[PDB]
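Chains as they are written, first to last, in PDB author numbering: chain A, 302 to 343, 352 to 722; chain B, 304 to 344, 354 to 721. All residues carry an ideal CB built from backbone N, CA and C; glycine is no exception. Beneath this line is the structure, given in structure tokens, with notes to follow.
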Amino acid sequence: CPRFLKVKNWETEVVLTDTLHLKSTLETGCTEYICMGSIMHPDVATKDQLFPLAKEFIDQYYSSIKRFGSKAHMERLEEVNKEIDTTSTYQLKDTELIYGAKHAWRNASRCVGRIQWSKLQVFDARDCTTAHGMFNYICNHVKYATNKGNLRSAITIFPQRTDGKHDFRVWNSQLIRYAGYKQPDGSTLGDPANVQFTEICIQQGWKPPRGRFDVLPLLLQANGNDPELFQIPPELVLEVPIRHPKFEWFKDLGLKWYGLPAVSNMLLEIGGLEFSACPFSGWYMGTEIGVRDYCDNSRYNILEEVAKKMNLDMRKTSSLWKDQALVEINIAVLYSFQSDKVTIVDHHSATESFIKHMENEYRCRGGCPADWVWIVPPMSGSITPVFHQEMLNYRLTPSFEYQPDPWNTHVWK
Amino acid sequence: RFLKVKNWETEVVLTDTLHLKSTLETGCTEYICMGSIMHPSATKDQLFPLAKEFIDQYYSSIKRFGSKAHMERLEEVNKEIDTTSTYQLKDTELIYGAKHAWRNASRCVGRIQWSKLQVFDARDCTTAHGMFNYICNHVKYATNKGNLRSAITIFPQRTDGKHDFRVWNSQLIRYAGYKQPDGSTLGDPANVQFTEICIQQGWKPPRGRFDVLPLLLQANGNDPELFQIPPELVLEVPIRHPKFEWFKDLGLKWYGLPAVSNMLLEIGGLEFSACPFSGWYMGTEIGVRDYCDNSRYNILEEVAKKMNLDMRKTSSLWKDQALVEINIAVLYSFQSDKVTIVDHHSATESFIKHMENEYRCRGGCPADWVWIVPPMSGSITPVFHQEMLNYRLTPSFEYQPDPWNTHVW
Ligand code: HEM
Ligand code: HEM
Ligand SMILES: CNCc1cc(C#N)cc(OCc2ccc3c(C)cc(N)nc3c2)c1
Ligand SMILES: CNCc1cc(C#N)cc(OCc2ccc3c(C)cc(N)nc3c2)c1
Ligand SMILES: CNCc1cc(C#N)cc(OCc2ccc3c(C)cc(N)nc3c2)c1
Ligand SMILES: C[C@H](O)[C@H](O)[C@H]1CNc2nc(N)[nH]c(=O)c2N1
Ligand SMILES: C[C@H](O)[C@H](O)[C@H]1CNc2nc(N)[nH]c(=O)c2N1
Ligand SMILES: [Zn+2]
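Take a look at the structure:
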């Protein structure tokens with residue numbers, strides 16, 4: 302593995318040199334003979358597995374605070390060791406928890422928003438014991454992060470995994486999302502992405518309003534127990550109705566979206582410890598709602614209706630009526646959020662910020678893992694600076710990881 | 304092992320076995336993915361095994377693997393390598409090899425067409441004049457009055473490296489670009505360096521916005537010579553818009569025939585350093601990349617002004633709006649002039665169909681997502697949600713260094 306790897310930006314001719322990749326921990330899935338960079342994803354750690362994972366992390370932490378090789382570093386290593394020796398696990402100090410969380414985000418190769426990585430409110434919920442307790446923590450998270458539209462990024466971290474049979478999980482994939490319902494005629498009402506989860510909620514007791522934008526209940530599992538239902542107080546759920554600055558008819562589609570993107574099904578991995586419930590949130594890039602959430606065929610799929618109202622020729626694809634429609638929808642989204650003073654970033658701004666962030670990281674850190682397939686926005690790719698930017702992808706730790714859906718593993722009590 | 308790729312829109316799962324035949328490197332490792340790097344990473357001793365592998369698959373493709381003819385061919389090639397340090401492809405092999413180079417081009421969304429490829433054998437060429445004759449014939453055949461037909465012209469293979477045939481142009485047809493004293497760029501900024509080389513070599517530039525470059529042709533390692541393609545062979549399309557009558561006043565145009573002339577074709581260990589190949593355009597190639605790149609024509613501003621868009625904030629999406637109109641214009645103009653062109657929706661759709669065909673009849677299809685996904689409206693095309701496996705099969709087209717960094721005059 303070569304000490305230096307060069308990436309080039311093909312628009313600016315800027316060449317950057319990556320050394321950070323030498324700290325790569327896990328595999329990517331790619332080999333010498335195959336690249337899997339477009340694959341979406343390519352009981353517990355034993356004592357002997359745990360030791361070097363923890364030491365690697367503790368060393369990295371003390372190196373970060375410029376106390377590497379210090380008495381404090383050496384003592385902490387010893388304390389972590391004895392703890393793993395007598396309990397087969399260990400507890401992170403608060404400082405270490407906060408550092409690990411920030412760094413999992415800093416290391417998230419698919420995240421274009423990482424320039425903000427060091428500004429992350431970390432909520433320590435490691436004392437939580439019940440789903441009601443989880444509910445309380447999540448509400449406080451939602452309220453803090455929402456901040457009346459002036460969104461602040463944040464993460465709440467619940468107790469780490471122990472034996473694997475006492476996991477804490479948020480069964481929701483996001484804290485806030487809209488229900489989808491399959492109708493007997495095969496049609497779908499609400500968000501088609503959410504049909505299975507909605508179905509689980511209904512089975513667990515949830516009475517669905519059966520509308521187009523029903524906010525789902527939280528489905529919360531504590532200490533390996535059966536998950537429990539809770540309704541988020543509506544006044545904590547900031548929403549933005551979607552209208553257009555030129556098209557007066559746009560509001561008549563009755564679209565709206567929630568302001569707070571809060572992903573809740575991922576696993577936070579720090580120094581070998583596994584945090585199976587660690588909901589984190591930031592603010593939206595417009596395209597996430599306007600291209601994917603609205604215009605994906607497997608989603609709300611409104612390109613057609615907008616095109617109709619725009620009186621476009623929808624007979625030939627080469628009229629580009631879809632492309633035209635896609636733009637206007639994204640314009641509506643950005644305008645609607647800005648009008649209501651709810652934080653949102655357009656894809657041009659986000660991508661330019663990312664390029665600057667990447668350059669800075671190459672300078673202060675020796676690199677910045679980035680997944681081009683995910684970094685480039687789902688519309689207008691080549692007119693954003695990341696399109697022409699060569700990137701290196703690799704997995705650093707701490708990191709956020711996928712985990713199986715809990716209904717597939719849970720032992721019902 | 305066997306690998307699965309999933310389409311997340313249709314849930315279709317395909318199984319790849321073809322990658323097990325891959326012999327070349329991708330540039331990645333278990334620890335580092337280089338999928339977005341543009342270019343990552354003979355002798356008798358190495359030559360025969362490469363030749364064998366190819367001859368083997370050729371005879372395999374015609375259901376005659378291990379035939380007397382197969383064995384005879386292997387023996388013939390061996391002796392030919394012994395007594396001359398190289399070997400020559402049969403016409404059949406040449407045609408098979410070229411089609412398969414296209415077939416294996418992971419970055420090409422147009423590969424549904426791979427077996428319709430007119431192969432011009434130019435291996436008897438000895439001079440720049442010969443090359444020019446061949447290239448004019450290629451262009452006239454491929455253009456076909458607007459009904460474009462894919463073609464490749466293959467010049468003699470490399471011998472010792474000192475006698476290479478090279479087409480110095482990156483494409484057969486391109487517009488020049490000129491560095492203006494006031495710092496800017498007239499014409500096409502992609503071609504500033506090449507243009508200067510042509511000027512330095514005797515070319516008299518008209519200094520317009522759309523000057524067709526001369527061919528700069530190198531034969532048998534000698535210095536390159538200049539030729540002007542007869543204009544009646546160069547099909548062009550004036551760009552206008554079906555709604556915006558002002559669009560034609562921008563005075564934009566483009567050439568009908570995309571013909572890449574700077575890559576290397578490799579077959580059975582042999583290297584063809586001059587092998588211009590051509591197809592027809594996907595609209596975005598012109599309308600997004602050629603016109604709207606910052607390091608290219610960069611006319612987004614101009615079009616956005618004429619649309620009376622607010623260009624003060626990026627969040628107005630004025631660039632995106634202008635981008636779609638430019639691409640509508642490109643498609644409309646070509647279609648109106650009955651010049652073959654494909655939109656990115658139609659193209660990506662066809663590619664999905666092609667992948668299904670390849671998985672069925674070949675056990676897979678190497679594909680580079682980073683390149684297959686179009687440079688606009690990504691996720692509203694079916695390829696965006698389609699998992700792809702990228703791997704390198706041979707025969708293949710490869711990058712090679714620009715000749716003005718290797719040549720001694
Ligand atoms: C502050 C504003 C933020 C913006 C604008 C932003 C933007 C994005 C976008 C556009 C994506 C791709 C989303 C998709 O296509 O599904 C993404 C992915 C991701 N983000 Fe960020 N994000 C932000 C905050 C955060 C925070 C606070 C964290 C963690 C602490 C985070 C971690 C991640 C991770 C782990 C992924 C990849 C998930 C996967 O592999 O599926 N982001 N982000
Ligand atoms: C017939 C219609 C064709 C269409 C619509 C088409 C389309 C495309 C497009 C859009 C690209 C991406 C290029 C870029 O954005 O820079 C590409 C790449 C490529 N095409 Fe095709 N193509 C066609 C025919 C052909 C033919 C006839 C050949 C060769 C015999 C070919 C070989 C290649 C190769 C080797 C690349 C990638 C070059 C690289 O690795 O940089 N294509 N094609
Ligand atoms: C003795 N210190 C001065 C020194 C001299 C020379 C010389 N001449 C080369 C040096 O490289 C150090 C180094 C360290 C790590 C490396 C890794 C992980 C990978 C890799 N491919 N190369 C590496 C090279 C250092
Ligand atoms: C379902 N699509 C694949 C997918 C799967 C999983 C999993 N498991 C998680 C995914 O998270 C993307 C993400 C995560 C956090 C984000 C934050 C904080 C802000 C923001 N604007 N966008 C974000 C996007 C996406
Ligand atoms: C400059 N950008 C990277 C780049 C480098 C090189 C090299 N060396 C060649 C490139 O050609 C891509 C290509 C090749 C053939 C094509 C054909 C036949 C048809 C078509 N519609 N599009 C095509 C696009 C692009
Ligand atoms: C950095 C990146 O790999 C580079 O800009 C690539 C990305 N995808 C592309 N895709 C196509 N079709 N053509 C290109 O030139 C590029 N450029
Ligand atoms: C098949 C492909 O990897 C998949 O659809 C990816 C492509 N790139 C993406 N990029 C982002 N930001 N989000 C996504 O969901 C996807 N989906
Ligand atoms: Zn890879």
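Which of the three DSSP states, helix, strand or coil, is assigned to residue i?
| i | result |
| --- | --- |
| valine 695/B | coil |
| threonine 318/B | strand |
| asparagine 503/A | helix |
| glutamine 430/A | strand |
| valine 600/A | helix |
| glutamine 530/A | strand |
| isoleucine 466/B | strand |
| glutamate 312/B | coil |
| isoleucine 684/B | helix |
| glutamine 400/B | coil |
| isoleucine 509/A | helix |
| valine 651/A | coil |
| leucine 701/A | coil |
| residue 773/B | This structure does not reach residue 773/B, given that chain B is present from 304 up to 721, and the question cannot be answered. |
| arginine 423/B | helix |
Just checking: is the beta-carbon of residue i within a distance shorter than 8 Å of some beta-carbon in chain A?
| i | result |
| --- | --- |
| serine 648/B | no |
| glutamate 365/B | no |
| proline 687/B | yes |
| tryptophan 311/B | yes |
| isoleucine 692/B | yes |
| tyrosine 370/B | no |
| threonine 660/B | no |
| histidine 666/B | no |
| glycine 338/B | yes |
| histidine 553/B | no |
| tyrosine 334/B | yes |
| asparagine 669/B | no |
With a cut-off of 8 Å, does the C-beta of residue i fall near any C-beta of chain B?
| i | result |
| --- | --- |
| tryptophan 681/A | yes |
| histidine 450/A | no |
| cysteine 673/A | no |
| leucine 643/A | yes |
| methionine 594/A | no |
What span of residues does the alpha helix (DSSP H) with residue i cover, start to end?
| i | result |
| --- | --- |
| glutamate 668/A | 656-674 |
| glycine 442/A | 440-455 |
| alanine 413/B | 403-415 |
| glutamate 365/A | 356-373 |
| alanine 616/A | 612-618 |
Considering just the uninterrupted stretch of the beta strand (DSSP E) at residue i, what are its terminal residues?
| i | result |
| --- | --- |
| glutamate 328/A | Neither: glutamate 328/A is in no beta strand (DSSP E) and is coded neither H nor E. |
| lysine 380/B | Looking at the DSSP string, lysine 380/B is not in any beta strand (DSSP E); the run it does join, the alpha helix (DSSP H), is 380-396. |
| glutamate 537/A | 537-539 |
Could you name the residues that DSSP lists as bridge partners for residue i?
| i | result |
| --- | --- |
| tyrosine 567/B | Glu548/B |
| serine 708/A | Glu578/A |
| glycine 489/B | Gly499/B |
| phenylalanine 589/B | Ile464/B and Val572/B |
| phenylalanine 584/A | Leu577/A |
| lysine 307/A | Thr318/A |
| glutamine 483/A | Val572/A |
Notebook entry, point to check: Which residues, taken in chain order from the segment 613-631 of chain B, show a beta carbon closer than 9 Å to some beta carbon of chain A?
Noted result: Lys625, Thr626, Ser627, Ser628, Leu629 and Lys631
Next item on the list: Scan the segment 312-325 of chain B for residues whose Cβ lies nearer than 8 Å to a Cβ of chain A and list them as they occur along the chain.
Entry: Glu312, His322 and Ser325
Notebook entry, point to check: Given a limit of 9 Å on CB to CB distance, which residues of the segment 697-719 of chain B reach chain A?
Noted result: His697, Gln698, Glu699, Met700, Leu701, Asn702, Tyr703 and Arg704
Checklist line | Residues within the segment 560-574 of chain B neighbouring chain A, beta-carbon criterion of under 9 Å | finding: Here the close residues number zero.
Notebook entry, point to check: Which of the residues in the segment 597-612 of chain B, read from start to end, lie with their CB under 9 Å from any CB of chain A?
Noted result: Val600, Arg601, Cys604, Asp605, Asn606, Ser607 and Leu612
Notebook entry, point to check: Relative to chain A, which residues along the segment 489-515 of chain B have a C-beta separation below 9 Å, given in chain order?
Noted result: none
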